[PDB]
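> I'd like to ask you about the structure that follows.
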Amino acid sequence: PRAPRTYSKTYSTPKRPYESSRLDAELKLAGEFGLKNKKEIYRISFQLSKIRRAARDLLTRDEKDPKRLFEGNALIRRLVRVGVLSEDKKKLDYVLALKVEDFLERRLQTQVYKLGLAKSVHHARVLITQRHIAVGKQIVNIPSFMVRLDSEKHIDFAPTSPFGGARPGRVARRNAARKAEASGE
Amino acid sequence: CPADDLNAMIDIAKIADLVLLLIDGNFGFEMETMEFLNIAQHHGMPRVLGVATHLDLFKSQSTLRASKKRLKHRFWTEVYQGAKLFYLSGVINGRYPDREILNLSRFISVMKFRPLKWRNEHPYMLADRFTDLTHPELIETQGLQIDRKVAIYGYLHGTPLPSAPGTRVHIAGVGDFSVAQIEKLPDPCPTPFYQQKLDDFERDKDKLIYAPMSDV
Amino acid sequence: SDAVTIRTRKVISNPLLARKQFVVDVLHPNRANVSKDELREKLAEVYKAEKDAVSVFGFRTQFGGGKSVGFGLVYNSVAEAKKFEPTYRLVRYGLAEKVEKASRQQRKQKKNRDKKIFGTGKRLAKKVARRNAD
Amino acid sequence: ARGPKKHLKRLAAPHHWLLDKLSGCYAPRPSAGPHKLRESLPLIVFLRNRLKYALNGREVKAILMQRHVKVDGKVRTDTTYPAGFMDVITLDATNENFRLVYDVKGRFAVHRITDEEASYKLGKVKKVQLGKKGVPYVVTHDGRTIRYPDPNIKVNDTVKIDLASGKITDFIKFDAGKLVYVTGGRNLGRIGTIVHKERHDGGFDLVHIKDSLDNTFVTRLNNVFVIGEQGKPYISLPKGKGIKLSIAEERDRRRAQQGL
RNA sequence: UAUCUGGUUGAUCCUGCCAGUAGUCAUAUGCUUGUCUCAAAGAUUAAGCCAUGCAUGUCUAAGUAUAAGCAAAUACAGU
RNA sequence: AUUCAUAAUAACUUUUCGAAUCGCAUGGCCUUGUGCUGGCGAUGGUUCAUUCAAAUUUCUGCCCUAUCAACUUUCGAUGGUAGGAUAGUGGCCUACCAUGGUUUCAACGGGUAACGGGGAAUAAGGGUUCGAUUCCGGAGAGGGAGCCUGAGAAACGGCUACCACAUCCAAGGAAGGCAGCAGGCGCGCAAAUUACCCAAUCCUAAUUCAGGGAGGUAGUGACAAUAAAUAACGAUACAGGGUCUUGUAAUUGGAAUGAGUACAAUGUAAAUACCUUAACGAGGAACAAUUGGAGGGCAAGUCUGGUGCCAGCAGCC
């Protein structure tokens, strides 16, 4: 006796799970990009398959079709704004040739690692998870943030997050107290 | 149940048909609860109903809900899953709130019990009062130490214990005897339906309590 | 707790209930939160408001802290601030006292007990008194 | 089912009210009145969802019981009074007036009008009969019955009822070449000119309408509201003037207005 | 984009079945079950039977006030 | 498209309607009389229109069955007439008169663990299967049957009787209907709270105000679904790739943080919780992650020990 709220599954377990080629391919993916488990790869593959289905359906349509023009321009603009497609690759033949590594590169973990100040993808993962990242001026702690192209230059430490000053954290206070009450006198 | 002793505790777990097992909510499960649960499980499990007390000592609702969930799931591990247990709030007037006591009374006034294997062949008996029957001159003359004639009262459960004298008897925590005599006294706390049946044979307003073991 | 910045956006003047409606957002970079009575006092000194005619009621602190956005409104001539406000918000501001009733079960049971008599019931009271007394 | 229904759930409300499907499981359900409930608008939706002058339902009731809201010059204290097309909803506390006309997207639009032109209202006369004692009468799309009309006023036309006591002002005949608003179907909110009236005996006459961009369409006869002569409407049209641009040029105009 | 491998043959092919691996708006069950958001819940076998409590009442300036009701215009006037 | 709307004549009627109602204001006139006149409303009222509806209604479209081929027609089945009844059409019913109506393009009978649709899943397409269940329509309130009231009910949180269950007692009598919300029984093998509130959404009334288990809030078995902690950076000794790159260690150094605890504030009808935060909170990160499997298939053991038997070699290894 109310309106149902919509929900969907974001991943899909493969029918052929433990074949060796996809197994060590996704092992390489989860190792180079520092992924926690295989649901990240399945989720990115689900998004890529949805984009591929949309691009195929649009490419079967005739040229200068207003439906094809509108949805193709919207999809290409969205993927350019995300940061997947290059600025000189705005064609449907090029979005049919995309890969999951483009989407895995764009996430916040790599995009804070690639800009420095993290020195490894797992230190970046821990830094994000421990409530440190400031995108723009808003604190982000989600490692799959998928940083926008226009927002790539605003990533820095928080006004909180003691690596950006403002009253160092708890174990530093513990160490200062121990050095004051025991080593101090 | 005498809490400290394990002996009468084991006898209680052997005898009882409904067991109200109570756990301190703020403290948690204790060793006596686990021991009684294992004794009851091994000797033939009766109907176990959990109740948790001392829940007004919690100062936050989050800790109270989490501890209730943890106790309920531990109880669901020890007893069948989905078993419902009662949460008792306070002792504000020497007794629990009326709603929880009402639900306790309502649940055990509609429940039915299971035929255990051990109870349906061996007759057993719960003793309600105790009296020693020896002549005081026999006490005085031969040194107060000769073993006595003792008559004890109670209720029979399980199996008819035959009306021939001399049938062998085991008393838990005492030993093994042979009963000298038996008889059936009239029931001192009859059900009301028994009273309309009796009045119908010829055609108890306040004495719903029969506690000869304690004082009035 | 260095300073707090109080910004009132989307201000719409509502002469229908004789008030002004706005979305407040506060920059509180250090302390903890908005302190809604203190925020009400400063919002009262903002316009010219006579504090009891000011109502701020919706609030949510942005993730990461520092920024809190809520909806509030300011009346004028506090008489219709008492007329047009809901009772619970009047009690929340100290402008009204919380009335004490029974719970809904007790009220409904009293209604069902009073449903079973016809008239004032003094006749039935005297009848049952003379019947059970003698 | 044994009697009239008094409730209307969300997901059963008309889509042009723009009621969110969360935050409640019931819709306002406008009462009986001048307009059909699926083509009308309750006063609570106008005072709360569109104007945002109130926050709750009881605030709408406190507005209405304070004798502020007037529909067509008459004070209404009903929370779900069914205002519809061409209503002259007015507010005297703000000294601000509206005329309920359809947006081109298919919904009632917020169209502020002056103090003048809030003193008259177009009404599509829908039947012309003869009353008791031989008095001719007309009734229009909002139930307004007017005695003694002009003898040339025929069925399916428009008349100019001002505010007070009917008294039909100058009217215009239904003919080819007149300016027409569309008040139903998927062509809702479009404005154009009649080019042909494809008449069908038995039922359901058709009207062919060409807009100002020479993009014609066809609709049923009962979704046609003549609103003036070509190049001069008898009211003030809303923003966009009922053109129904396709999504490409609407998007392009949105990026044209985007920035600074 | 659309997950099969063997046995049933010494091979070549129908046909059903069996063994195996994997996917399940499928039923049942087991083990484990820290955080955020969200929202499904006596149809499956019985439209079988129900203890107790509640779920439909309603007053404006504007129908009737002599309450031996409550506080303060000799026709009433507030509640 | 009319015997339409409407008008006219003659009459008719247990004969209807045309204000004997209520509040708030104190205006104007002079013959200066509690005279005349007069404002804003509330509620009733005849008919028409309108709106919320309802009842019938045209066309087309439903699973299996021929080991169901003829069915309806006594006691209405097809049609005509006249009437009764209906709010009204109508074999809805009655009196009369004809003999008709359906069907191999499957009538009729039977079965259905058959409420129907929007929809759901699997597919590349066609199909196949599901849809008691957030919306729309229908039907029912233990099973038949009948009725009052009212605009609207063949109503069951209305009434009467029959059938089956079943409560009370002083034995004469009275009373009943959870397929509403909780909750219980239905097996001796089990599964949400007899919680809070009208603050939101709306509904009802004489009506801003009262009421609402409708509805919302919180509680409760991982239904399903989303995001995500359980660690990161080093120094030393060996093993390396071999002067710059890694692993191992009952080795070591400081940083960072939330699961919890908690003043406060927000949140909320009041709360719980979320978001925010003074303080406490980590080396075995004990603040202690699980479920399975190992020749294959579609991955990961030519790893180890132990046990039952042998008229096989030796004889107690």
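Naming works like this for the structure tokens: A, B, ... for the chains as they're shown, residue 1 at the start of each chain, ligands 1 onward in shown order.
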As a list in words, list the residues of segment 5-94 of chain C assigned to helix (DSSP H, G or I) by DSSP on the backbone atoms of this structure.
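Filtering segment 5-94 of chain C down to helix (DSSP H, G or I) leaves residues 36, 37, 38, 39, 40, 41, 42, 43, 44, 45, 46, 51, 52, 53, 79, 80, 81, 82, 83, 84, 87, 88, 89, 90, 91 and 92 of chain C.
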> I need the contact residues of chain A against chain D, so if you could list those with any atom within 12 Å, counting only C-alpha atoms, and return them as a ChimeraX atom specification, that would help.
/A:1-6,65-71,73-74
> For residue 8 of chain D, work out the shell of residues within 10 Å, counting only C-alpha atoms (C1' of nucleotides) and skipping chain neighbours fewer than 3 positions away, then give it as number ranges by chain.
D: 5, 11-13, 25-30; F: 202-203
> Deliver the residues from the most recent selection as a file, using C-alpha atoms (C1' of nucleotides), as a PDB file, in the first residue's frame.

```pdb
ATOM      1  CA  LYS D   5     -15.087   6.211  -3.343  1.00  0.00           C
ATOM      2  CA  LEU D  11       0.151   6.096  -8.451  1.00  0.00           C
ATOM      3  CA  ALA D  12      -3.558   6.667  -9.161  1.00  0.00           C
ATOM      4  CA  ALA D  13      -3.330  10.468  -9.152  1.00  0.00           C
ATOM      5  CA  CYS D  25       0.471   6.764  -0.035  1.00  0.00           C
ATOM      6  CA  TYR D  26      -2.508   9.051  -0.722  1.00  0.00           C
ATOM      7  CA  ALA D  27      -3.321  11.857  -3.168  1.00  0.00           C
ATOM      8  CA  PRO D  28      -5.529  14.944  -2.587  1.00  0.00           C
ATOM      9  CA  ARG D  29      -8.574  13.633  -4.570  1.00  0.00           C
ATOM     10  CA  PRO D  30     -10.403  16.837  -5.577  1.00  0.00           C
TER      11      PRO D  30
ATOM     12  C1'   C F 202      -5.013  11.836   3.140  1.00  0.00           C
ATOM     13  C1'   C F 203     -10.381  10.559   4.800  1.00  0.00           C
TER      14        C F 203
END
```
> If you run DSSP on the backbone, which residues of segment 70-214 of chain B are strand (DSSP E or B), as a list in words?
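Across segment 70-214 of chain B, those assigned strand (DSSP E or B) are residues 86, 87, 124, 125, 126, 127, 128, 129, 130, 131, 132, 150, 151, 152, 153, 154, 155, 156, 157, 168, 169, 170, 171, 175, 176, 177 and 178 of chain B.
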> Residues of chain B that approach chain F to 7 Å or less, counting only C-alpha atoms (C1' of nucleotides): could you list each one with the shortest pair of atoms and its distance in Å to one decimal, rows by chain and increasing residue number, as CSV?

```
residue,atom,partner,partner_atom,distance
B:82,CA,F:191,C1',4.7
B:113,CA,F:188,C1',6.4
B:114,CA,F:188,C1',3.9
B:115,CA,F:188,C1',5.9
```
> Within 12 Å of chain C, which residues of chain E show up? Give each one with its shortest atom-to-atom distance in Å (one decimal) and the two atoms involved, counting only C-alpha atoms (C1' of nucleotides), rows by chain then rising residue number, as JSON lines.

```
{"residue": "E:53", "atom": "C1'", "partner": "C:105", "partner_atom": "CA", "distance": 8.2}
{"residue": "E:54", "atom": "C1'", "partner": "C:105", "partner_atom": "CA", "distance": 7.2}
{"residue": "E:55", "atom": "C1'", "partner": "C:108", "partner_atom": "CA", "distance": 10.2}
{"residue": "E:56", "atom": "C1'", "partner": "C:112", "partner_atom": "CA", "distance": 11.9}
{"residue": "E:57", "atom": "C1'", "partner": "C:111", "partner_atom": "CA", "distance": 11.0}
{"residue": "E:67", "atom": "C1'", "partner": "C:120", "partner_atom": "CA", "distance": 10.0}
{"residue": "E:69", "atom": "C1'", "partner": "C:120", "partner_atom": "CA", "distance": 11.9}
```
> Keeping N, CA, C and O atoms (P, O5', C5', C4', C3', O3' and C1' of nucleotides), export the residues of the selection given above as a PDB file, in the first residue's frame.

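Ended up saving to result05.pdb:
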```pdb
ATOM      1  P     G E  53     -11.753  -7.516  26.036  1.00  0.00           P
ATOM      2  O5'   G E  53     -10.719  -6.446  25.468  1.00  0.00           O
ATOM      3  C5'   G E  53      -9.936  -5.658  26.351  1.00  0.00           C
ATOM      4  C4'   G E  53      -8.877  -4.873  25.617  1.00  0.00           C
ATOM      5  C3'   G E  53      -9.349  -4.016  24.457  1.00  0.00           C
ATOM      6  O3'   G E  53      -9.947  -2.796  24.858  1.00  0.00           O
ATOM      7  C1'   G E  53      -7.439  -5.222  23.798  1.00  0.00           C
ATOM      8  P     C E  54     -11.242  -2.242  24.083  1.00  0.00           P
ATOM      9  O5'   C E  54     -10.654  -1.587  22.756  1.00  0.00           O
ATOM     10  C5'   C E  54      -9.846  -0.423  22.815  1.00  0.00           C
ATOM     11  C4'   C E  54      -8.976  -0.275  21.591  1.00  0.00           C
ATOM     12  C3'   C E  54      -9.677   0.064  20.286  1.00  0.00           C
ATOM     13  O3'   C E  54     -10.036   1.428  20.151  1.00  0.00           O
ATOM     14  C1'   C E  54      -8.140  -1.672  19.902  1.00  0.00           C
ATOM     15  P     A E  55     -11.268   1.857  19.207  1.00  0.00           P
ATOM     16  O5'   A E  55     -10.846   1.409  17.737  1.00  0.00           O
ATOM     17  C5'   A E  55      -9.938   2.182  16.965  1.00  0.00           C
ATOM     18  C4'   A E  55      -9.607   1.509  15.657  1.00  0.00           C
ATOM     19  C3'   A E  55     -10.691   1.544  14.591  1.00  0.00           C
ATOM     20  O3'   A E  55     -10.707   2.766  13.877  1.00  0.00           O
ATOM     21  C1'   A E  55      -9.828  -0.647  14.768  1.00  0.00           C
ATOM     22  P     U E  56     -12.033   3.256  13.115  1.00  0.00           P
ATOM     23  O5'   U E  56     -13.161   3.244  14.237  1.00  0.00           O
ATOM     24  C5'   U E  56     -13.242   4.284  15.206  1.00  0.00           C
ATOM     25  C4'   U E  56     -14.605   4.943  15.234  1.00  0.00           C
ATOM     26  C3'   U E  56     -15.796   4.029  15.528  1.00  0.00           C
ATOM     27  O3'   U E  56     -16.775   4.767  16.260  1.00  0.00           O
ATOM     28  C1'   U E  56     -16.134   5.112  13.472  1.00  0.00           C
ATOM     29  P     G E  57     -16.770   4.814  17.865  1.00  0.00           P
ATOM     30  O5'   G E  57     -17.127   6.331  18.196  1.00  0.00           O
ATOM     31  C5'   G E  57     -16.118   7.328  18.246  1.00  0.00           C
ATOM     32  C4'   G E  57     -16.060   8.130  16.971  1.00  0.00           C
ATOM     33  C3'   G E  57     -16.394   9.608  17.085  1.00  0.00           C
ATOM     34  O3'   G E  57     -15.304  10.383  17.555  1.00  0.00           O
ATOM     35  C1'   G E  57     -17.502   8.679  15.212  1.00  0.00           C
ATOM     36  P     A E  67     -28.833  24.612  32.403  1.00  0.00           P
ATOM     37  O5'   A E  67     -28.887  23.021  32.364  1.00  0.00           O
ATOM     38  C5'   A E  67     -29.783  22.295  33.194  1.00  0.00           C
ATOM     39  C4'   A E  67     -29.046  21.429  34.182  1.00  0.00           C
ATOM     40  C3'   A E  67     -28.060  22.156  35.081  1.00  0.00           C
ATOM     41  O3'   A E  67     -28.696  22.739  36.204  1.00  0.00           O
ATOM     42  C1'   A E  67     -27.006  20.272  34.127  1.00  0.00           C
ATOM     43  P     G E  69     -26.209  19.424  39.265  1.00  0.00           P
ATOM     44  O5'   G E  69     -25.495  20.481  38.309  1.00  0.00           O
ATOM     45  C5'   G E  69     -24.502  21.369  38.803  1.00  0.00           C
ATOM     46  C4'   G E  69     -23.166  21.132  38.145  1.00  0.00           C
ATOM     47  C3'   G E  69     -22.141  22.248  38.275  1.00  0.00           C
ATOM     48  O3'   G E  69     -21.469  22.239  39.523  1.00  0.00           O
ATOM     49  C1'   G E  69     -22.188  21.458  36.043  1.00  0.00           C
TER      50        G E  69
END
```
> Which residues, written as a PyMOL selection string, have at least one atom at most 7 Å from segment 115-126 of chain D, with only C-alpha atoms (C1' of nucleotides) counted and residues fewer than 3 positions away on the same chain left out?
chain D and resi 86+88+97+138-141+155-163+225
> Separation of atom CA of residue 85 of chain D and atom CA of residue 233 of chain D, in Å?
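Between atom CA of residue 85 of chain D and atom CA of residue 233 of chain D the gap works out to 15.7 Å.
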> Write out, as a tab-separated table, each residue of segment 70-129 of chain C that has an atom at most 12 Å from segment 6-10 of chain C, together with the closest pair of atoms and their distance in Å to one decimal, counting only C-alpha atoms, rows going by chain and rising number.

```
residue	atom	partner	partner_atom	distance
C:70	CA	C:8	CA	9.7
C:71	CA	C:8	CA	9.1
C:72	CA	C:8	CA	8.9
C:73	CA	C:8	CA	9.7
C:74	CA	C:8	CA	11.2
```
> Keeping N, CA, C and O atoms, export the residues of the selection given above as a PDB file, in the first residue's frame.

```pdb
ATOM      1  N   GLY C  70      19.525  23.580   6.722  1.00  0.00           N
ATOM      2  CA  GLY C  70      18.201  23.337   7.247  1.00  0.00           C
ATOM      3  C   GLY C  70      17.227  24.356   6.700  1.00  0.00           C
ATOM      4  O   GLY C  70      17.608  25.301   6.014  1.00  0.00           O
ATOM      5  N   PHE C  71      15.959  24.160   7.023  1.00  0.00           N
ATOM      6  CA  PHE C  71      14.897  25.080   6.645  1.00  0.00           C
ATOM      7  C   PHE C  71      14.350  25.739   7.902  1.00  0.00           C
ATOM      8  O   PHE C  71      14.117  25.060   8.919  1.00  0.00           O
ATOM      9  N   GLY C  72      14.156  27.064   7.821  1.00  0.00           N
ATOM     10  CA  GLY C  72      13.608  27.846   8.909  1.00  0.00           C
ATOM     11  C   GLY C  72      12.734  28.969   8.383  1.00  0.00           C
ATOM     12  O   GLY C  72      12.589  29.161   7.171  1.00  0.00           O
ATOM     13  N   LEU C  73      12.147  29.706   9.320  1.00  0.00           N
ATOM     14  CA  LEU C  73      11.221  30.772   8.968  1.00  0.00           C
ATOM     15  C   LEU C  73      11.103  31.747  10.130  1.00  0.00           C
ATOM     16  O   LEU C  73      11.293  31.378  11.291  1.00  0.00           O
ATOM     17  N   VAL C  74      10.786  32.996   9.803  1.00  0.00           N
ATOM     18  CA  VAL C  74      10.662  34.054  10.800  1.00  0.00           C
ATOM     19  C   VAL C  74       9.293  34.711  10.662  1.00  0.00           C
ATOM     20  O   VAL C  74       8.846  35.013   9.552  1.00  0.00           O
TER      21      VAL C  74
END
```
> Return as a PyMOL selection string the residues belonging to chain D that are within 6 Å of chain F, counting only C-alpha atoms (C1' of nucleotides).
chain D and resi 2-4+24-26+32-33+62+130+134+143
> Find the residues near segment 34-44 of chain E: any atom within 8 Å, counting only C-alpha atoms (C1' of nucleotides), skip ones fewer than 6 places away on the same chain, and give them as a PDB file with N, CA, C and O atoms (P, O5', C5', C4', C3', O3' and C1' of nucleotides), in the first residue's frame.

```pdb
ATOM      1  P     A F 132      -2.214 -14.300  -9.157  1.00  0.00           P
ATOM      2  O5'   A F 132      -2.513 -14.954  -7.740  1.00  0.00           O
ATOM      3  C5'   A F 132      -3.833 -15.022  -7.231  1.00  0.00           C
ATOM      4  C4'   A F 132      -3.859 -14.706  -5.760  1.00  0.00           C
ATOM      5  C3'   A F 132      -3.374 -13.319  -5.370  1.00  0.00           C
ATOM      6  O3'   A F 132      -4.358 -12.314  -5.544  1.00  0.00           O
ATOM      7  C1'   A F 132      -2.366 -14.922  -3.970  1.00  0.00           C
ATOM      8  P     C F 223      17.219 -11.033   4.723  1.00  0.00           P
ATOM      9  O5'   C F 223      16.830 -12.361   3.937  1.00  0.00           O
ATOM     10  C5'   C F 223      15.550 -12.950   4.093  1.00  0.00           C
ATOM     11  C4'   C F 223      14.907 -13.230   2.759  1.00  0.00           C
ATOM     12  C3'   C F 223      15.674 -12.752   1.535  1.00  0.00           C
ATOM     13  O3'   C F 223      16.720 -13.623   1.141  1.00  0.00           O
ATOM     14  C1'   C F 223      13.419 -12.084   1.350  1.00  0.00           C
ATOM     15  P     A F 224      18.121 -13.023   0.621  1.00  0.00           P
ATOM     16  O5'   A F 224      17.707 -11.977  -0.508  1.00  0.00           O
ATOM     17  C5'   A F 224      17.375 -12.414  -1.817  1.00  0.00           C
ATOM     18  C4'   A F 224      16.786 -11.302  -2.650  1.00  0.00           C
ATOM     19  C3'   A F 224      17.722 -10.162  -3.007  1.00  0.00           C
ATOM     20  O3'   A F 224      18.627 -10.466  -4.051  1.00  0.00           O
ATOM     21  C1'   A F 224      15.699  -9.264  -2.247  1.00  0.00           C
ATOM     22  P     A F 225      20.193 -10.164  -3.852  1.00  0.00           P
ATOM     23  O5'   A F 225      20.294  -8.577  -3.935  1.00  0.00           O
ATOM     24  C5'   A F 225      19.793  -7.881  -5.064  1.00  0.00           C
ATOM     25  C4'   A F 225      19.710  -6.395  -4.824  1.00  0.00           C
ATOM     26  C3'   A F 225      20.998  -5.691  -4.446  1.00  0.00           C
ATOM     27  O3'   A F 225      21.869  -5.478  -5.542  1.00  0.00           O
ATOM     28  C1'   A F 225      19.240  -4.903  -3.086  1.00  0.00           C
ATOM     29  P     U F 226      23.453  -5.385  -5.298  1.00  0.00           P
ATOM     30  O5'   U F 226      23.669  -3.939  -4.665  1.00  0.00           O
ATOM     31  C5'   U F 226      23.321  -2.773  -5.395  1.00  0.00           C
ATOM     32  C4'   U F 226      23.644  -1.512  -4.635  1.00  0.00           C
ATOM     33  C3'   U F 226      25.060  -1.374  -4.116  1.00  0.00           C
ATOM     34  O3'   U F 226      25.986  -1.027  -5.124  1.00  0.00           O
ATOM     35  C1'   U F 226      23.528  -0.656  -2.463  1.00  0.00           C
ATOM     36  P     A F 227      27.452  -1.680  -5.123  1.00  0.00           P
ATOM     37  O5'   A F 227      28.237  -0.860  -4.009  1.00  0.00           O
ATOM     38  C5'   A F 227      28.573   0.501  -4.221  1.00  0.00           C
ATOM     39  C4'   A F 227      28.883   1.207  -2.927  1.00  0.00           C
ATOM     40  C3'   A F 227      30.068   0.678  -2.139  1.00  0.00           C
ATOM     41  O3'   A F 227      31.313   1.140  -2.634  1.00  0.00           O
ATOM     42  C1'   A F 227      28.245   1.024  -0.684  1.00  0.00           C
ATOM     43  P     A F 228      32.577   0.151  -2.691  1.00  0.00           P
ATOM     44  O5'   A F 228      32.915  -0.135  -1.161  1.00  0.00           O
ATOM     45  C5'   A F 228      33.350   0.911  -0.309  1.00  0.00           C
ATOM     46  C4'   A F 228      33.317   0.512   1.145  1.00  0.00           C
ATOM     47  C3'   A F 228      34.248  -0.608   1.567  1.00  0.00           C
ATOM     48  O3'   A F 228      35.591  -0.172   1.687  1.00  0.00           O
ATOM     49  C1'   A F 228      32.135  -0.859   2.620  1.00  0.00           C
ATOM     50  P     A F 229      36.745  -1.168   2.193  1.00  0.00           P
ATOM     51  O5'   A F 229      36.773  -0.942   3.768  1.00  0.00           O
ATOM     52  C5'   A F 229      37.738  -1.586   4.580  1.00  0.00           C
ATOM     53  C4'   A F 229      37.511  -1.300   6.041  1.00  0.00           C
ATOM     54  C3'   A F 229      38.338  -2.131   7.007  1.00  0.00           C
ATOM     55  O3'   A F 229      39.644  -1.613   7.199  1.00  0.00           O
ATOM     56  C1'   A F 229      36.079  -2.170   7.685  1.00  0.00           C
ATOM     57  P     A F 259      32.738   2.880  11.467  1.00  0.00           P
ATOM     58  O5'   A F 259      32.777   1.522  12.298  1.00  0.00           O
ATOM     59  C5'   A F 259      31.855   1.291  13.350  1.00  0.00           C
ATOM     60  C4'   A F 259      32.054  -0.064  13.980  1.00  0.00           C
ATOM     61  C3'   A F 259      31.353  -0.274  15.308  1.00  0.00           C
ATOM     62  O3'   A F 259      29.980  -0.579  15.156  1.00  0.00           O
ATOM     63  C1'   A F 259      33.576  -1.062  15.455  1.00  0.00           C
TER      64        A F 259
END
```
> Could you list, as number ranges by chain, every residue within 9 Å of residue 35 of chain C, counting only C-alpha atoms (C1' of nucleotides) and ignoring same-chain residues fewer than 5 positions away?
C: 40; F: 265-266
> Once you count only C-alpha atoms, which residues of chain A turn out to be within 12 Å of chain C? Could you give them as a PyMOL selection string?
chain A and resi 131-135+137-141+158-161+166-167
> If you count only C-alpha atoms (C1' of nucleotides), which residues fall within 12 Å of segment 195-204 of chain D, apart from same-chain ones fewer than 6 positions away, as a PyMOL selection string?
(chain D and resi 174-180+210-211+214-224+230) or (chain F and resi 1)
> If we count only C-alpha atoms, which residues of chain D reach to within 9 Å of chain C? Please list them as a PyMOL selection string.
chain D and resi 52-54+59+62-63+66+68+91+93-94
> Pull C-alpha atoms from the residues just selected and write them as a short mmCIF file (atom, residue, chain, number, x, y, z; two decimals), in the first residue's frame.

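Writing done, so here's part18.cif:
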```cif
data_model
loop_
_atom_site.label_atom_id
_atom_site.label_comp_id
_atom_site.auth_asym_id
_atom_site.auth_seq_id
_atom_site.Cartn_x
_atom_site.Cartn_y
_atom_site.Cartn_z
CA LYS D 52 5.38 26.63 -2.23
CA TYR D 53 3.52 29.09 -0.01
CA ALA D 54 2.76 26.30 2.47
CA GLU D 59 -0.92 25.14 6.59
CA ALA D 62 -4.97 27.67 7.70
CA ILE D 63 -4.53 29.72 4.52
CA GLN D 66 -8.43 32.73 6.70
CA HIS D 68 -7.50 34.63 1.44
CA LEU D 91 -4.64 36.00 -3.90
CA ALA D 93 -2.87 39.00 0.64
CA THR D 94 -0.08 39.20 -1.95
#
```
> Could you tell me which residues of chain A sit within 12 Å of chain E when counting only C-alpha atoms (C1' of nucleotides), and give me the result as a PyMOL selection string?
chain A and resi 2-9+12-19+49-50+52-53+56+142
